[PDB]
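>>> only geometry, no sequence info:
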RNA sequence: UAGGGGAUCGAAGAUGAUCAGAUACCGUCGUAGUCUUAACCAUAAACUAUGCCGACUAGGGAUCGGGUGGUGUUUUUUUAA
């Protein structure tokens, strides 16, 4: 062992899929299995934003974001501690926290 | 040697069809016996957010690409180059969980400019809508894109750049979409996103000097 | 050389590998209600008046 | 009553650029690469080179009369990472520290609509 | 359920259940005697058209065919049968 | 196998790294191939490593597709539909 009633990932009726390359592995790897995350943070950071709305010529502007998705191999997903190893049972979960 | 002793400046103006004409400065570079400087850095663009122009803060995002058509005095006047969103705000408005659409259509204005425009537009849900979503069907989208085509050739013939420009500032095309669309589908966010030049014809100094006073 | 004498209120949690650092709030004695959260190095309590010439770096929690 | 040079920053990895121009940028002015302010040659992308580097950008901008500034961040970008390296952060706070004003901030990281096949090879980069 | 009369159940449970299981099968579609307003005539139309039929000859239109049921025009009494 | 396509990855080949060696792991490029038309090959952990037909045993609670019934839930438009 089988491990994993899907298999790994996300594929059915669907036979074969357009793969993705890893940001990190820099491996290839289909858009099921994948393991995707939006960081999204303020370009700015906490410490400085105070020296920014300070010395700006803006009486405030706002604070524009920084968009991006992120693709991972499953290997580099665990090495980098994004995904862990959930006992057997805590697998068949699917919650953000 | 120094590479700022020689460096003569300049001033950037802008159509009048705008607010604070006043943009900041630029740097250029003098000449010799035979040979010239002014032309030597004209044709070129400058790109400034909608904002330091319309003054306003509602277009807080989105930038104007202007190009200097000719000099004077030190006050280099300007002709419209094109439009941009901030980026970011495009990549934000998109979510997971919902349909995304797309636009386009080229076009002989008449001023005889050739312009390509981009109308991105989403589905929105309903206010009151179990399901997690907000998707489209597909055939409805086919019908969605074709609508957009006409609604834009039409506000482009009915024309000019100057007359066109002040249909981009107050985002009035955005409205005209929603009211031919509702009589379908709900929609949100609806941009023009862009907008770029191609085949702009010959100078005509004042067809432009009539954009100032 | 401007010295801002800041009073410790809330001793928070232990830090560092070797426990050389506590965390630390602080109440600015000399501008009360400011209540920034720096670090320090010592065997601390609440009420250790604390000394900073660096007004302000505000600090973040170090392995 | 102020003038505006445009920034034109960028930090991948193993290097970073503080690179002032005009607001058009067919001309340019005081460009500062990392290695320059660090000969270890090791950390060419350091949260520091950037740090003493940006201060070159307000020495040779508070020289030729740049009060103030609008400010651009770029990744690699390309195929690459689109995860800004050290740089751009330390710069974006040292640049505020150097009298400079700030205005209009935004990424530019060159994004593709796919296509250029990324390096490594199928089975990947690997130690 | 340990048991039940499936002979005759409720009337309920049929109305909803699928045409081909009410036991004895029977259709849902049914016919609909139409006065276009002008004439008195009365044409015998079917609930699921596939054809729009014309009314009698007046050349009028009536009822468009869609997925299942016509959409009939404005005028039409459409008494069922 | 012969035409078309040749972005990206990327055996092979080249490389710089690491290493006692490193012809491998790590990094950057890279034909070929990945893609398609037309023709070959017929293998696989082709995996539930469980031949199919059937017929009978013991409880449940989910779900996809149908169908039946409940003056069943909203939709509201006037009641339905």
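Sure, I can see it. Numbers count the residues shown, from 1 in each chain, chains lettered A, B, ... in the order given.
>>> Look up how far residue C:55 lies from the residue nearest the centre of chain A.
By CA atoms, centre = their mean, the mean C-alpha position of chain A lies nearest to residue A:37, the distance being 2.2 Å. Remark: distance between residue A:37 and residue C:55 (CB to CB, to the nearest Å) = 38 Å. The way it works is simple: take the backbone N, C-alpha and C, and place the C-beta from them, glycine included.
>>> tally of neighbours for residue B:203?
Residue B:203 has 10 neighbours, counted by other CB atoms under 10 Å in any protein chain shown.
>>> which stretch of helix or strand covers it?
Using DSSP states H and E, residue B:203 falls within no helix or strand.
>>> who's in contact with the residue nearest to it when sequence neighbours are not counted?
Excluding its sequence neighbours, the residue lying closest to residue B:203 (CB to CB, 6 or more residues apart in numbering or on different chains) is residue B:69, at 7.1 Å. By CB atoms under 8 Å, 6 or more residues apart in numbering or on different chains, the contact set of residue B:69 is B:42, B:77, B:78, B:79, B:203, B:208.
>>> Mark which of those residues are buried, thanks.
Neighbour counting by 16 or more other CB atoms under 10 Å in any protein chain shown classes B:77, B:78, B:79, B:208 among the contacts of residue B:69 as buried.
>>> Verify the contact between the second one and residue B:65 for me.
No: with contacts defined as CB atoms under 8 Å, residue B:78 does not count as touching residue B:65, sitting 10.8 Å away.
>>> Can I take it that residue B:140 is in a strand?
No: with DSSP: H, G, I helix; E, B strand; the rest coil as the criterion, residue B:140 is assigned helix and is not in a strand.
>>> Just to check, it is in contact with residue B:181?
No: in this structure residue B:140 lies outside contact range of residue B:181 using CB under 8 Å: 10.5 Å.
>>> Those two: which has the busier surroundings?
The residue with more neighbours, out of residue B:140 and residue B:181, is residue B:181; 19 against 12, by other CB under 10 Å.
>>> separation between the more buried one and chain D?
26 Å (CB to the nearest CB, to the nearest Å).
>>> For that residue, which non-adjacent residue is spatially closest?
Per CB to CB, 6+ apart, closest to residue B:181 is residue B:187, 5.8 Å.
>>> Ok, residue D:62 next?
Here the residue nearest residue D:62, using CB to CB, 6+ apart, is residue D:99, at 6.5 Å.
>>> can you pull the contacts of that neighbour?
Contacts of residue D:99 by CB under 8 Å, 6+ apart are A:55, D:58, D:62.
>>> Could you report the neighbour count for the residue of chain B found nearest RNA strand F?
At 8.9 Å from RNA strand F, residue B:128 is the closest residue in chain B, using CB to the nearest atom of the strand. Neighbour count of residue B:128, defined by other CB under 10 Å: 5.
>>> secondary structure class for residue C:5?
Criterion first, three-state DSSP; result for residue C:5: strand.
>>> OK, contacts around it?
Contacts of residue C:5 (CB under 8 Å, 6+ apart): C:29, C:30, C:49, C:50, C:51, C:52.
>>> For it, give the beta-bridge partners.
residue C:51 (DSSP bridges).
>>> most centrally placed residue in chain B?
Centre-most residue of chain B, counting by CA atoms, centre = their mean: residue B:83, 2.2 Å.
>>> separation between the closest residue to that one other than its chain neighbours and residue E:81?
Computed as CB to CB, 6+ apart, the closest residue to residue B:83 that is not its neighbour in sequence is residue B:195, at 3.9 Å. Separation of residue B:195 from residue E:81 (CB to CB) stands at 62 Å.
>>> Tell me which of these two has more neighbours.
Under the criterion of other CB under 10 Å, the comparison of residue B:195 against residue E:81 puts residue B:195 first, with 19 against 7.
>>> how much space between the more buried one and residue E:43?
Counting by CB to CB, the gap from residue B:195 to residue E:43 is 57 Å.
>>> Then residue D:122?
For residue D:122, the distance to residue E:43 - CB to CB - is 70 Å.
>>> Those two: which is more packed in?
residue E:43 (17 against 9).
>>> quick one on the thing from earlier: of the contacts of residue C:5, keep whichever come out buried.
C:50, C:52.
>>> Go through the contacts of residue C:5 and name the one nearest chain A.
residue C:52 (16.2 Å; CB to the nearest CB).
>>> ok, now how distant is whatever residue of chain C ends up closest to chain D from chain A?
Distance from chain D to each residue of chain C (CB to the nearest CB) is smallest for residue C:57, at 11.2 Å. To chain A, residue C:57 is 8 Å away according to CB to the nearest CB.
>>> Now do the same for that residue: helix, strand or coil?
coil.
>>> okay, now it: neighbour count?
10.
>>> got it, and residue B:23?
Neighbour tally, residue B:23, other CB under 10 Å: 20.
>>> my read: it touches residue B:51, true?
No: contact between residue B:23 and residue B:51 fails when scored by CB under 8 Å: they sit 10.5 Å apart.
>>> which element is residue 26 on?
Since you didn't name a chain, this refers to chain A. Counting by DSSP H and E, residue A:26 is found in no helix or strand.
>>> neighbours around it, how many?
Residue A:26: 19 neighbours (other CB under 10 Å).
>>> same check, this time on residue B:136
Residues near residue B:136, counting by other CB under 10 Å: 19.
>>> Could you check how far the spatially closest residue to it that is not a sequence neighbour is from residue B:64?
Leaving aside its chain neighbours, residue B:136 sits nearest to residue B:99 (4.2 Å; criterion: CB to CB, 6+ apart). Noted for residue B:99: a distance of 30 Å to residue B:64, by CB to CB.
>>> And these two? Which one has more around it.
residue B:64 (27 against 18).
>>> contacting residues for the more buried one?
Counted by CB under 8 Å, 6+ apart, residue B:64 has contacts B:14, B:47, B:48, B:49, B:50, B:53, B:80, B:81, B:82, B:83, B:84.
>>> Which positions in chain A make contact with chain D?
A:21-23, A:25-28, A:43-45, A:47-48, A:51-52, A:54-58, A:61, A:64, A:66-68, A:73 (CB under 8 Å from any CB of the partner chain).
>>> same thing but at 6 Å, please
A:21, A:25, A:26, A:27, A:28, A:48, A:51, A:52, A:55, A:56, A:57, A:68 (CB under 6 Å from any CB of the partner chain).
>>> Spit out the contact partners of the residue nearest to the centre of chain A.
Residue A:37 makes contact with residue A:70, according to CB atoms under 6 Å, 6 or more residues apart in numbering or on different chains.
>>> Wait, residue D:47 touches residue D:86, no?
Yes: using CB atoms under 6 Å, residue D:47 is in contact with residue D:86, at 4.6 Å.
>>> Pick out whichever of those two has more residues nearby.
residue D:86 (20 against 14).
>>> Contact partners for the more buried one?
By CB under 6 Å, 6+ apart, the neighbours of residue D:86 are D:45, D:47.
>>> tell me the contacts of residue D:72?
Neighbours of residue D:72 in contact, by CB under 6 Å, 6+ apart: D:7, D:8, D:108.
>>> need the helices for chain A, in chain order.
A:46-49, A:76-79 (DSSP state H).
>>> any idea which of those helices is most buried?
helix A:76-79 (a mean of 16; mean count of other CB atoms under 10 Å in any protein chain shown).
>>> what's in contact with it?
A:24, A:25, A:35, A:83.
>>> Show me which of the residues you listed are buried.
Of the contacts of helix A:76-79, these count as buried by 16+ other CB under 10 Å: A:24, A:25, A:35.
>>> Could you list which of those also contact RNA strand F?
Applying CB under 7 Å from any atom of the strand, the subset of those adjacent to RNA strand F comprises residue A:25.
>>> where does the residue in chain E that chain D sits nearest to fall, helix, sheet strand or coil?
Taking CB to the nearest CB, chain D has its nearest neighbour within chain E at residue E:67, 38.7 Å off. Look at residue E:67: counting by three-state DSSP, its state is coil.
>>> Can you report how many residues lie near it?
Count around residue E:67 with other CB under 10 Å applied: 5.
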